[PDB]
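To keep things clear, I will list the structure first and then write my remarks on it.
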Amino acid sequence: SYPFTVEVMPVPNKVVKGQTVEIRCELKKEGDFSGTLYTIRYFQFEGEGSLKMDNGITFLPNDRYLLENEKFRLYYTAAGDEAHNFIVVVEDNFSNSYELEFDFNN
Numbered sequence: 041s042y043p044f045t046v047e048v049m050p051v052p053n054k055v056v057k058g059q060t061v062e063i064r065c066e067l068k069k070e071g072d073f074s075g076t077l078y079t080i081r082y083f084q085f086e087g088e089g090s091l092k093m094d095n096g097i098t099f100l101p102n103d104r105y106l107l108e109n110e111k112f113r114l115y116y117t118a119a120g121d122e123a124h125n126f127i128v129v130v131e132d133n134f135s136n137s138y139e140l141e142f143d144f145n146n
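Read in order, the letters of the sequence shown correspond to residues 41 to 146 in the entry's author numbering.
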């Protein structure tokens, strides 16, 4: 809510094994203050797959990566047909976070 949010464009409600989903995101700064440096991380709770940043880096769960651009894309490649659920968390250097949750095939 404050001091930032992350807007996400539409994503599919389903994926098949080997399909890559493009997730388009934009960091929105909601106030006058806070937020010079941002990181991104993810964690997967259901299903098998890999998540990559638009700079080609593959996320390792829970590791934090520098977010260089306000507008960025993520790429989720499913490794099976079972249901997928994962969260992506963006954090600033002032203890603020914003969580996105993705569900495919449920």
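A virtual CB, placed ideally from N, CA and C, is assigned to each residue, including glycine.
Looking at residue j and residue i, is the spacing between their C-beta atoms short of 9 Å?
i, j, result
"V46", "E66", "yes"
"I127", "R104", "no"
"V48", "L106", "no"
Identify every residue that forms a DSSP beta bridge with residue i.
i, result
"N125", "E86, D143"
"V46", "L67"
"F99", "For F99, which the question treats as bridged, DSSP gives no partner whatsoever."
Just tell me which of the options has its CA closest to the CA of residue i.
i, options, result
"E108", "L100, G120, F83, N95", "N95"
"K57", "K69, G87, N146", "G87"
"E131", "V55, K54, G75, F85", "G75"
Would you decide whether residue i is buried or exposed? Buried here means 16 or more other CB atoms lie within 10 Å of its CB.
i, result
"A118", "buried"
"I63", "buried"
"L77", "exposed"
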